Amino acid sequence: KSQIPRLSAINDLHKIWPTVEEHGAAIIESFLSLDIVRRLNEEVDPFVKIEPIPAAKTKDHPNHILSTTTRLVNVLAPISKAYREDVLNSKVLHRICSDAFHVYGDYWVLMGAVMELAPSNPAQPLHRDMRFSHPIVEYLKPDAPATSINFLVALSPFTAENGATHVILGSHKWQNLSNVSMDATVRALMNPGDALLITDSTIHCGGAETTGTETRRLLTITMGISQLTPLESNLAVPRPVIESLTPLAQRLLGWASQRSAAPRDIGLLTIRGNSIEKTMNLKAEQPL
């Protein structure tokens, strides 16, 4: 069976989205630099350590899906300078997203999360994303362009033995799922900073951690059209932090109005014909 196509973030940029469109997955080598990965890891470290189980009794929105050996931390903008500056303004991310979502219009972050899998974490069942938050997606026609995509960025090594992600190539075009099996999968073997890019229709799963010693970490960035509601809110992020961001990063976090691709677009999150940012006196790129 054919492996996941691998591409350069530096040279093959225009080829990334067409590759995913065809195969349902691609590995973007050095999507983030080792320096960005280092700072990201340092900044999120304590928040991963304090995170309780996904379905903790203290939560009003528990995640009953994820294993007890998974820790997921979202709303990263207030935690991580590297995320809010470097990741949210990534030239590579934005080229891919504009390639993917031009039919629909503006896109934003549905969820940016660090996931850490403890040693001996079991394999997830094969799945498509978005089914526990956006039931609407299952009612889209088969030829509808993908309305979200997921960048799974390695923040530590992804190996066969430590639970590297499985994907089924071509499964983004599957209508009948009688042939879903781990037999049909290939692995996303990745170094820190590499990214596995999949669509919301790509069948995939986290792999089994089999060493009992290694802790695998990733940054999952689900980017989606601004017509779909994010999984996470940035409504409680302090205004000083938001005002430190670029206008583009503000838009990605829902601190700006949005536009569809319709010729005479009337807009999303508008206030009597004016934008959020105009109405609220919203500054940008103001150092903290």
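A residue's number is simply how far along the shown sequence it sits, counting from 1.
Here 154-162 and 171-179 are compared by their mean Cα B-factor, and 171-179 comes out higher.
For the pair 217-225 and 35-43, the mean Cα B-factor is higher in 35-43. Remark: of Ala56, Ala26, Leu231, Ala256, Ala56 shows the highest value [criterion: C-alpha B-factor in the PDB entry]. Note on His134, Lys81, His204, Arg95: the highest value goes to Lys81, judged by CA B factor as recorded. Ranked within its chain, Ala113 lands in the lowest third, by CA B factor from the PDB record.
Among all modelled residues in this chain, the alpha-carbon of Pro119 has a temperature factor (C-alpha) in the highest third. Remark: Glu138 belongs to the middle third of its chain, ranked by C-alpha B-factor as recorded.
Compared with the other modelled residues of the chain, the Cα B-factor recorded for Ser244 ranks in the highest third.
When the CA B factors of the chain's modelled residues are split into thirds, the value for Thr69 lands in the highest one.
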